[PDB]
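# Survey of secondary and tertiary structure
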Number of protein chains: 2
Amino acid sequence: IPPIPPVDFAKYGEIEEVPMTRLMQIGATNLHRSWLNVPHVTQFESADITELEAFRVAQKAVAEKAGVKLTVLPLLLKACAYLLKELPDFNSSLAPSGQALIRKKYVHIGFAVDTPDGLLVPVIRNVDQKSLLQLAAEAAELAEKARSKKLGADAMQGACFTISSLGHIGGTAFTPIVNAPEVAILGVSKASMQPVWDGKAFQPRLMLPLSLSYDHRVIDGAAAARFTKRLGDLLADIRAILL
Amino acid sequence: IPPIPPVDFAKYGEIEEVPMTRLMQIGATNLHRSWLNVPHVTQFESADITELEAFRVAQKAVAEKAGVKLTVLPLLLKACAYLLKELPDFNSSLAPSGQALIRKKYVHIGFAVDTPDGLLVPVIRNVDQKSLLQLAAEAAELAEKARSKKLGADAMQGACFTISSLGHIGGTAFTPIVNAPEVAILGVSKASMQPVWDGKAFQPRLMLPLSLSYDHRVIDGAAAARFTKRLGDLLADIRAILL
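Criteria and cut-off values
- Residues numbered from 1 in each chain as written, not as in the entry; some residues may be left out.
- Chains lettered and ligands numbered in written order.
- Part of a larger assembly, values for the part shown.
- Heavy atoms only, no water.
- Residues with missing side-chain atoms left out of burial classes, pairs and counts.
- Salt bridge = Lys/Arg side-chain N within 4 Å of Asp/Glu carboxyl O.
- Helix = DSSP H or I, 4+ residues; strand = E, 2+ residues; numbered from the N terminus.
- Patch = residues over 30% accessible without salt bridge, like charges linked within 9 Å, V, L, I, M, F, W, Y side chains within 5 Å.
- Areas by Shrake-Rupley, 256 points an atom, 1.4 Å probe, with all protein chains shown as cover.
- Buried < 20%, exposed > 50% of the residue type's maximum accessible area, 1.4 Å probe, protein only.
- UniProt positions renumbered as here; feature names shortened; annotations may be inferred.
- Contact = heavy atoms within 4.5 Å.
- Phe/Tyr/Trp six-rings, centres within 6.5 Å; stacked < 30°, edge-to-face > 60°.
- Least-squares fit on C-alpha atoms.
- Disulfide = S-S within 2.5 Å.

### Side note on the pattern of salt bridges
Residues and elements named next belong to chain B. Taken as a whole and judged by the stated rule, the model has 20 salt bridges over all chains. The shortest N-O distance in the salt bridge between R56 and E53 comes to 2.9 Å. With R56 and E53 both in helix 2 (residues 50-58) and 3 residues apart, this pair spans about one turn of that helix. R239 serves as the salt-bridge partner of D237, at 2.8 Å between the closest nitrogen and oxygen.

Printed below as a string of structure tokens:
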């Protein structure tokens, strides 16, 4: 690939060199590998979480008695494990022969944690089998160990899908990069009150923006649109997961 | 126990004798055995199923595509399996020594089916592991086999709890009899729109009457009141089962 020409940055002013942690460097390398290997498409959708939010906030009592904080992330994780079982092409990887997909029969999901040293994506195993408070507990633990560098490499392996939530900082949407060999990643941004037409007038609903980037070699456009739609449907009523 | 004195019923008019099926006779014997063995108390409660009902009716599409009918019974079964795990004294039986309880670590639940020949209580095994459409399917099958006498005795054993639903016929409440050796039975009657005080005015809510009869040797009053309360809470918001 052509290299970027070097520039004497100091011709233009004072410069200072700060170095990259080995974590940054690793991260850099892996992102570039994915970028060049995966033809990326991002599919955007908005989900109506007005009722999810109300539920979340009402279980604050129960969550506190169990020692967890109930955030949107366990809810996101549960709904995506369910969908990853329904739409198995999203829970698979392109086999090295380029002619086969390896469908995984297990659902382990990573979530992005931004730490001082760089990005870590701890993995929760068998998300499909854990309850909302189990997942809330575990997510937090893995997050604290990640910030504290106490996260052992084991816990960073064998994920099937990644959720990257920036909803806590802000933004309308973004286009995340697929962590190959996985085939998709869900970016989640800040929720806003939006007017949503009820057939007769505009009702304020709390809308969560979802950005699903996918490996277009493995997932086609219609499959991805169907995935964010189902997910919008599941978050609008999490009871459908009970069915 | 003193016998009832025989009466020449024909002194008062024309009488006709019809006989009892062996099923009726079996049933009669077992009910009398429970009645004399179990000091019975019934605890009454009403649950707000307005939102459960809305969910039920909205999933009519999905249920039809799967070939099942989604009634309140799978919803009742799921919520009681969850509670039977939370409050284990209800999932147990008095040991023959009278000095021990046998806590069952499994949740199988029977439901009453009234057939021409008498009452049958088919049992669904491991209710705690099945989904609302699995349970809707299975309930129906066992019900059809029961009406058709094709229900094999195997499927009538080892239940932990019984639900008796008369909601489809009518009534406000009733006092069911415990099927010993089980320690409790949930009677469910017809749902009505009721005014429920919201703190400022009376709101119409769809209320389902619950009548829990229990073996007072094993379950005390406070435990039973706590069970129907939790159940009223779970049916008012089935998403708490996800937690």
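### Concerning a nonpolar patch on the surface
On the surface, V7(A), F9(A), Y12(A) and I15(A) cluster together into a nonpolar patch covering about 460 Å² of accessible area. Within the fold, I15(A) resides in the segment before helix 1 (22-37).

### Quick look at unusual backbone geometry
All names here are of chain A. Between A180 and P181 the backbone carries a cis peptide bond, its omega angle lying at 15°. Along the chain, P181 turns up in the loop between strand 8 (161-165) and strand 9 (184-188). A positive phi is found at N126, a non-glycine position, where the angle reads about 55°. Its location among the elements puts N126 in the loop between strand 7 (123-124) and helix 5 (132-147). Phi is positive for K149, close to 55°, though the residue is something other than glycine. Relative to the helices and strands, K149 is located in the loop between helix 5 and strand 8. Residue classification places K149 among the exposed residues on the basis of a relative accessible area of 51%.

### What to know about the UniProt feature "active site" in chain A
Residue and element names in this part refer to chain A. Residues annotated in UniProt with the feature "active site" correspond here to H216. Relative to the assigned elements, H216 resides in the loop between strand 11 (202-215) and helix 6 (221-236). By relative accessible area, which is 39% here, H216 ends up partly exposed. Sequence-distant contacts of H216, that is, excluding residues within four places in its chain, are made with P39, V41 and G221.

### Description of the environment of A143(A)
By the element assignment, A143(A) lies in helix 5. Not counting residues within four places of it along the chain, the set of residues in contact with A143(A) comprises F111(A) and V113(A).

### Some thoughts on the packing of aromatic side chains
In the structure shown here, the tally under the stated rule is 6 aromatic pairs over all chains. Pairwise contacts between aromatic rings join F90(A), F161(A) and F227(A) into one cluster.

### Examining the relation of the copies chain A and chain B
Of the transformation superimposing chain A on chain B, the axial component is 0.0 Å and the angular component is 180°, with the fit at an RMSD of 0.0 Å. With respect to symmetry, the two chain copies, as superposed, fit the operation of a two-fold axis. Relative to the rotation axis, the C-alpha of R239(A) is the closest in chain A, positioned 2.9 Å from it. With an isologous cut-off of 70% or more, the 100% of interface residues of chain A that recur at the interface of chain B puts this contact in the isologous class.

### Some thoughts on the state of the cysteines
Summed over the entire model, instances satisfying the criterion amount to 0 disulfides over all chains. Free of any disulfide, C160(A) has its nearest neighbouring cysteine sulfur in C80(A), separated by 12 Å.

### Observations concerning the side chain of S164(A)
Relative to the helices and strands, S164(A) is located in strand 8. In this structure, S164(A) is in contact with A112(A), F174(A), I185(A), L186(A), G187(A) and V188(A), ignoring residues within four places of it in sequence.

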